[PDB]
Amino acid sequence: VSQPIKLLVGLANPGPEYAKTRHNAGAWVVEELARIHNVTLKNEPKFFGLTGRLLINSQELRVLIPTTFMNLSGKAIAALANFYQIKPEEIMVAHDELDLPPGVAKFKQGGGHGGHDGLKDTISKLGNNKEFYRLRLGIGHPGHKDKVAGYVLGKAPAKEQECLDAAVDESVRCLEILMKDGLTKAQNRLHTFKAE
């Protein structure tokens, strides 16, 4: 089946202290996808991150979790995409999404960064090309804008984390469906899911 995605990126800050923070939600998806496919990601300094190649339905999907600062995610994504000759429209970036609630996830093509430091850098390093795909993992949002960075760098409370974990798992399933049945069918499934 024809489907557009050659590279799946999961945005993150590195290390143990950031691993369970909301702003690492996209990495959670890639980690669970790789685990289910029995591939351990390898550190590749030239790509500023951890990478692997998955065989799913049995398309080849490269995956990446940058080990840069979140605000330098684009260095990883560009370095890898250039090496493998991948264009922005063939990249899906999974990330935490303030404008969706915990337990929801959506696919989208294009859009702004929404103030997400990793998406901002990604757009920049891909030559101001916004037309990469996104896997938007809802995290909710705080009451006040000035509290957004503290929010995304916090750990969700247990109940909220259950919703997020559910949406991660269903996003993984829909990525597997993307590789079997294509984007429209994957999206139709994902966009009816709501954990609660």
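Residue numbers run from 1 along the displayed sequence.
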property	result
Mean C-alpha temperature factor, higher of 20 to 28 and 180 to 188	180 to 188
138 to 146 set against 164 to 172, stretch whose average Cα temperature factor tops the other in the entry	138 to 146
Record-listed C-alpha B factor of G52: chain third	middle
Chain-relative CA temperature factor third for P66	lowest
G118 - Cα temperature factor, lowest/middle/highest third of chain	lowest
Chain third (lowest, middle, highest) by recorded CA B-factor, residue given as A158	highest
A94 by Cα B-factor - lowest, middle or highest third of the modelled chain	lowest
